[PDB]
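Enquirer: What follows is query-v7.pdb, made up of PDB, C-alpha atoms and all ligand atoms:
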ATOM      1  CA  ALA T   1      68.893 -62.721  51.102
ATOM      2  CA  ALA T   2      68.056 -66.088  52.653
ATOM      3  CA  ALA T   3      64.412 -65.588  51.645
ATOM      4  CA  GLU T   4      65.414 -66.098  48.001
ATOM      5  CA  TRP T   5      66.833 -69.527  48.854
ATOM      6  CA  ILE T   6      63.749 -70.291  50.963
ATOM      7  CA  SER T   7      61.521 -69.447  47.995
ATOM      8  CA  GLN T   8      63.676 -71.612  45.713
ATOM      9  CA  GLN T   9      63.285 -74.605  48.028
ATOM     10  CA  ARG T  10      59.577 -73.823  48.465
ATOM     11  CA  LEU T  11      58.845 -73.975  44.734
ATOM     12  CA  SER T  12      61.019 -77.069  44.333
ATOM     13  CA  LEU T  13      59.331 -78.798  47.280
ATOM     14  CA  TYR T  14      55.884 -77.922  45.895
ATOM     15  CA  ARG T  15      56.757 -79.237  42.421
ATOM     16  CA  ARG T  16      58.075 -82.609  43.612
ATOM     17  CA  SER T  17      56.129 -85.724  42.669
ATOM     18  CA  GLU T  18      54.821 -88.592  44.783
ATOM     19  CA  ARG T  19      57.589 -90.855  43.469
ATOM     20  CA  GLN T  20      60.131 -88.424  44.908
ATOM     21  CA  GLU T  21      58.145 -88.449  48.159
ATOM     22  CA  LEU T  22      58.325 -92.243  48.403
ATOM     23  CA  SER T  23      61.990 -92.299  47.369
ATOM     24  CA  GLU T  24      63.077 -89.777  50.014
ATOM     25  CA  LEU T  25      61.067 -91.578  52.708
ATOM     26  CA  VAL T  26      62.968 -94.799  52.006
ATOM     27  CA  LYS T  27      66.313 -92.988  51.839
ATOM     28  CA  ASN T  28      65.613 -91.171  55.116
ATOM     29  CA  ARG T  29      64.937 -94.515  56.802
ATOM     30  CA  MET T  30      68.085 -95.969  55.232
ATOM     31  CA  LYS T  31      70.317 -93.177  56.541
ATOM     32  CA  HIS T  32      68.692 -93.460  59.975
ATOM     33  CA  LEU T  33      69.381 -97.206  60.006
ATOM     34  CA  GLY T  34      72.858 -96.668  58.514
ATOM     35  CA  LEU T  35      72.537 -98.254  55.084
ATOM     36  CA  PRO T  36      73.959 -96.557  51.973
ATOM     37  CA  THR T  37      71.338 -94.680  49.973
ATOM     38  CA  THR T  38      72.853 -95.689  46.636
ATOM     39  CA  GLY T  39      71.753 -99.117  45.474
ATOM     40  CA  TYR T  40      68.092 -98.320  46.114
ATOM     41  CA  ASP T  41      67.975 -97.022  42.524
ATOM     42  CA  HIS T  42      59.743 -99.024  37.288
ATOM     43  CA  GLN T  43      58.018-102.231  36.138
ATOM     44  CA  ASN T  44      56.715-101.570  32.618
ATOM     45  CA  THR T  45      56.130-105.205  31.698
ATOM     46  CA  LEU T  46      53.196-107.580  31.288
ATOM     47  CA  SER T  47      53.582-111.312  31.888
ATOM     48  CA  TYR T  48      51.372-114.364  31.421
ATOM     49  CA  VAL T  49      51.598-118.160  31.257
ATOM     50  CA  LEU T  50      51.032-120.224  28.109
ATOM     51  CA  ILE T  51      50.266-123.821  29.079
ATOM     52  CA  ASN T  52      51.252-126.272  26.333
ATOM     53  CA  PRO T  53      51.372-123.852  23.378
ATOM     54  CA  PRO T  54      51.157-125.306  19.860
ATOM     55  CA  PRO T  55      54.504-126.255  18.284
ATOM     56  CA  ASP T  56      54.123-123.300  15.878
ATOM     57  CA  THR T  57      54.280-120.555  18.522
ATOM     58  CA  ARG T  58      57.249-118.240  18.096
ATOM     59  CA  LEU T  59      59.885-117.907  20.807
ATOM     60  CA  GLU T  60      60.266-114.333  22.033
ATOM     61  CA  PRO T  61      63.241-112.910  23.946
ATOM     62  CA  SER T  62      63.147-113.053  27.752
ATOM     63  CA  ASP T  63      60.876-116.103  27.500
ATOM     64  CA  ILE T  64      61.024-118.608  30.359
ATOM     65  CA  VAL T  65      60.121-122.173  29.393
ATOM     66  CA  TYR T  66      58.758-124.500  32.058
ATOM     67  CA  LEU T  67      60.534-127.855  31.895
ATOM     68  CA  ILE T  68      60.187-131.279  33.462
ATOM     69  CA  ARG T  69      63.764-132.548  33.651
ATOM     70  CA  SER T  70      64.340-136.255  34.161
ATOM     71  CA  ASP T  71      65.730-137.495  37.458
ATOM     72  CA  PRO T  72      69.527-136.990  37.475
ATOM     73  CA  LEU T  73      70.222-139.874  39.866
ATOM     74  CA  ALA T  74      68.014-142.300  37.918
TER      75      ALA T  74
ATOM     76  CA  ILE E   1      42.121 -43.842  57.186
ATOM     77  CA  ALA E   2      44.171 -43.935  53.998
ATOM     78  CA  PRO E   3      42.177 -44.985  50.913
ATOM     79  CA  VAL E   4      42.707 -48.368  49.297
ATOM     80  CA  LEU E   5      44.758 -48.026  46.119
ATOM     81  CA  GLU E   6      43.671 -49.391  42.750
ATOM     82  CA  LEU E   7      47.280 -50.384  41.990
ATOM     83  CA  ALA E   8      49.817 -51.755  44.467
ATOM     84  CA  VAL E   9      68.789 -70.136  71.797
ATOM     85  CA  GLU E  10      67.709 -68.857  68.381
ATOM     86  CA  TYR E  11      65.754 -70.896  65.845
ATOM     87  CA  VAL E  12      66.410 -71.536  62.162
ATOM     88  CA  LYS E  13      63.683 -71.379  59.502
ATOM     89  CA  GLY E  14      63.447 -74.575  57.485
ATOM     90  CA  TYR E  15      61.448 -77.661  56.684
ATOM     91  CA  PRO E  16      61.030 -80.512  59.177
ATOM     92  CA  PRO E  17      63.504 -83.140  57.943
ATOM     93  CA  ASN E  18      61.669 -86.423  58.597
ATOM     94  CA  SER E  19      58.165 -86.280  57.160
ATOM     95  CA  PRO E  20      56.111 -88.827  59.142
ATOM     96  CA  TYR E  21      53.946 -89.887  56.183
ATOM     97  CA  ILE E  22      53.434 -89.473  52.445
ATOM     98  CA  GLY E  23      51.256 -86.521  51.489
ATOM     99  CA  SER E  24      52.324 -84.370  54.442
ATOM    100  CA  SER E  25      52.487 -80.876  52.976
ATOM    101  CA  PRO E  26      55.873 -79.298  53.719
ATOM    102  CA  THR E  27      55.457 -76.189  55.846
ATOM    103  CA  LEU E  28      58.403 -73.921  56.593
ATOM    104  CA  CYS E  29      58.632 -73.994  60.384
ATOM    105  CA  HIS E  30      60.673 -72.617  63.251
ATOM    106  CA  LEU E  31      63.261 -75.362  63.726
ATOM    107  CA  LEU E  32      65.859 -76.100  66.362
ATOM    108  CA  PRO E  33      69.428 -75.580  65.078
ATOM    109  CA  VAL E  34      70.319 -79.114  66.219
ATOM    110  CA  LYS E  35      68.041 -82.114  66.663
ATOM    111  CA  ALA E  36      66.859 -82.491  70.231
ATOM    112  CA  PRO E  37      67.801 -85.890  71.699
ATOM    113  CA  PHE E  38      64.810 -88.018  72.651
ATOM    114  CA  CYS E  39      65.768 -87.611  76.315
ATOM    115  CA  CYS E  40      65.313 -83.833  76.095
ATOM    116  CA  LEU E  41      61.765 -84.236  74.738
ATOM    117  CA  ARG E  42      60.538 -85.789  78.009
ATOM    118  CA  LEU E  43      59.086 -83.528  80.697
ATOM    119  CA  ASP E  44      58.946 -86.231  83.398
ATOM    120  CA  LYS E  45      62.497 -87.541  83.685
ATOM    121  CA  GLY E  46      65.678 -85.543  83.940
ATOM    122  CA  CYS E  47      68.535 -86.290  81.578
ATOM    123  CA  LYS E  48      72.194 -85.415  81.067
ATOM    124  CA  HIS E  49      71.377 -82.002  79.614
ATOM    125  CA  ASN E  50      68.818 -80.965  82.250
ATOM    126  CA  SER E  51      67.628 -82.096  85.680
ATOM    127  CA  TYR E  52      64.139 -80.627  85.208
ATOM    128  CA  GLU E  53      61.301 -82.972  86.155
ATOM    129  CA  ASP E  54      58.244 -80.750  85.569
ATOM    130  CA  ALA E  55      57.247 -77.528  83.835
ATOM    131  CA  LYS E  56      58.084 -75.417  86.900
ATOM    132  CA  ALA E  57      61.761 -76.374  86.695
ATOM    133  CA  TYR E  58      61.848 -75.373  83.016
ATOM    134  CA  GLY E  59      60.591 -71.844  83.661
ATOM    135  CA  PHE E  60      58.951 -71.139  80.318
ATOM    136  CA  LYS E  61      58.516 -67.522  79.268
ATOM    137  CA  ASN E  62      55.169 -68.152  77.545
ATOM    138  CA  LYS E  63      52.068 -70.059  78.586
ATOM    139  CA  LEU E  64      51.831 -73.748  77.776
ATOM    140  CA  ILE E  65      49.607 -75.695  75.409
ATOM    141  CA  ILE E  66      48.843 -79.093  76.937
ATOM    142  CA  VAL E  67      47.473 -81.722  74.555
ATOM    143  CA  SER E  68      45.832 -84.641  76.360
ATOM    144  CA  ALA E  69      45.955 -87.375  73.716
ATOM    145  CA  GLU E  70      45.896 -91.158  73.923
ATOM    146  CA  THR E  71      48.597 -92.086  71.398
ATOM    147  CA  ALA E  72      51.105 -89.879  69.585
ATOM    148  CA  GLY E  73      50.828 -90.431  65.838
ATOM    149  CA  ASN E  74      50.672 -88.500  62.592
ATOM    150  CA  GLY E  75      47.591 -86.632  63.794
ATOM    151  CA  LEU E  76      49.491 -85.103  66.709
ATOM    152  CA  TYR E  77      52.162 -84.092  64.200
ATOM    153  CA  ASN E  78      49.467 -82.117  62.374
ATOM    154  CA  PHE E  79      48.816 -80.336  65.680
ATOM    155  CA  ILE E  80      52.405 -79.170  66.198
ATOM    156  CA  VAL E  81      53.143 -77.972  62.644
ATOM    157  CA  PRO E  82      50.572 -75.109  62.573
ATOM    158  CA  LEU E  83      51.893 -73.820  65.906
ATOM    159  CA  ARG E  84      55.524 -73.907  64.714
ATOM    160  CA  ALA E  85      54.990 -72.366  61.269
ATOM    161  CA  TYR E  86      57.423 -69.677  60.175
ATOM    162  CA  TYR E  87      54.824 -66.906  59.906
ATOM    163  CA  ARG E  88      53.810 -67.469  63.524
ATOM    164  CA  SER E  89      55.608 -64.984  65.750
ATOM    165  CA  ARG E  90      58.712 -66.512  67.314
ATOM    166  CA  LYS E  91      58.472 -64.683  70.648
ATOM    167  CA  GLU E  92      54.819 -65.743  71.006
ATOM    168  CA  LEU E  93      55.748 -69.423  70.597
ATOM    169  CA  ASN E  94      53.873 -71.523  73.155
ATOM    170  CA  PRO E  95      55.548 -74.613  74.634
ATOM    171  CA  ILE E  96      53.597 -77.739  73.705
ATOM    172  CA  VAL E  97      53.320 -80.506  76.300
ATOM    173  CA  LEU E  98      51.849 -83.779  75.040
ATOM    174  CA  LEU E  99      50.088 -85.645  77.858
ATOM    175  CA  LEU E 100      50.100 -89.103  76.312
ATOM    176  CA  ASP E 101      48.542 -92.249  77.736
ATOM    177  CA  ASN E 102      51.013 -94.444  75.828
ATOM    178  CA  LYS E 103      54.729 -93.926  75.333
ATOM    179  CA  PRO E 104      55.366 -92.446  71.867
ATOM    180  CA  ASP E 105      57.231 -94.467  69.276
ATOM    181  CA  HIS E 106      60.630 -93.337  68.032
ATOM    182  CA  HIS E 107      59.043 -92.513  64.666
ATOM    183  CA  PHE E 108      56.917 -89.779  66.243
ATOM    184  CA  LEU E 109      59.824 -88.476  68.326
ATOM    185  CA  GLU E 110      62.092 -88.325  65.276
ATOM    186  CA  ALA E 111      59.409 -86.323  63.454
ATOM    187  CA  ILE E 112      59.022 -83.845  66.346
TER     188      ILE E 112
HETATM  189  K     K F   1      63.337 -83.308  81.548
HETATM  190 ZN    ZN F   2      68.724 -84.720  77.330
END
How would this structure read if it were set down as C-alpha cells?
Expert:
Amino acid sequence: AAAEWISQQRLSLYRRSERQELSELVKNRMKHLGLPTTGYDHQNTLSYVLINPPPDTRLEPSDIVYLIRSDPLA
Amino acid sequence: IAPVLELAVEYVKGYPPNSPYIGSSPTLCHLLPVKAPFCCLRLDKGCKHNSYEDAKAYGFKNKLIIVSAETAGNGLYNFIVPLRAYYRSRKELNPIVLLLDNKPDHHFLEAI
C-alpha cells in the first residue's frame, strides 16, 4: 500500500509553489551546515524620501525623520 | 490479437533529497537506503568501505555508462535522474561512471 503514500507525496510535491522551493533549499543548506531551521521564518511596503517637506505635511506612522543634530561635544 | 476495448543491497523508491537547483522537477527515483559517503562515489581511490580502484574490482552485473564530461554540474544531474527513475527496471540499472576533467564540488556529490 506504499503506492498510496507515494501518490500522496507526488501530488503534494507537484502542487508546491516556488516560494516553498526556495524555502526548502535554504533549510536544506541550513541543516547541512548545522544551523537551526527555525528563525528563517514578505516585503509588502513602498518607501520614498521627502526632502524638506512643507510644514503642513502630516506625520504618518513608521515615518523616519532625517535630522542634523548639533555637535554633542561643542 | 485481442481487440481494443471501447471501455477500460535493495533500493528504496523516493525523491532525491537535495535538489541541486530551483525548478528541478521532482522525479521518483531508485534511491540508496542510506546516503553514500563521498569516498564511496570515487572509482579511482579506495576507501574504508572498499579497496576497489577500478571498475574491474567492483565487478558490476550490468554494463557501464561512461559520461566523459568536463565539469560536474546541474546538467550532469539531469543525466543521472532519467536513468534512475522508478519506472526504469531495477535489475537493468546501468552503473554510471562520470569521467570528469575537474574534481566535482561537494554540492554535486551531495545531489548524487
Ligand atoms: K573506490
Ligand atoms: Zn567509502
Enquirer: Interatomic distance between CA of residue 21 (chain E) and CA of residue 36 (chain T)?
Expert: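 Value for the CA of residue 21 (chain E)-CA of residue 36 (chain T) distance: 21.5 Å.
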Enquirer: When you look at residue 51 (chain T) with a cut-off of 12 Å (counting only C-alpha atoms), what residues show up, excluding the ones that are within fewer than 4 positions of it in the same chain? I need them as a list in words.
Expert: residues 55, 57, 65, 66 and 67 of chain T
Enquirer: Give me a file of those residues, with C-alpha atoms, as a PDB file, in the coordinates of the input.
Expert:
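Final output, saved to selection-v4.pdb:
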ATOM      1  CA  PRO T  55      54.504-126.255  18.284  1.00  0.00           C
ATOM      2  CA  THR T  57      54.280-120.555  18.522  1.00  0.00           C
ATOM      3  CA  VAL T  65      60.121-122.173  29.393  1.00  0.00           C
ATOM      4  CA  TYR T  66      58.758-124.500  32.058  1.00  0.00           C
ATOM      5  CA  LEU T  67      60.534-127.855  31.895  1.00  0.00           C
TER       6      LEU T  67
END
Enquirer: Translate the PyMOL selection byres (((not hetatm)) within 12 of (chain F and resi 2)), as applied to the file shown, into an explicit residue set as a list in words.
Expert: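 Answer for the PyMOL selection byres (((not hetatm)) within 12 of (chain F and resi 2)): residues 35, 36, 37, 38, 39, 40, 41, 42, 43, 44, 45, 46, 47, 48, 49, 50, 51, 52 and 53 of chain E.
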Enquirer: Considering all atoms listed in the file, can you say which of E:2, E:12, E:29, E:99 comes closest to residue 65 (chain E)?
Expert: E:99
Enquirer: Mind listing as a list in words which residues of chain T are within 9 Å of chain E, counting all atoms listed in the file?
Expert: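 Written out as asked, the residues are residues 6, 10, 13, 14, 18, 21, 22, 25, 28 and 29 of chain T.
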Enquirer: One decimal, Å: what's the distance from CA of residue 30 (chain E) over to CA of residue 70 (chain E), could you say?
Expert: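 Between CA of residue 30 (chain E) and CA of residue 70 (chain E) the gap is 26.0 Å.
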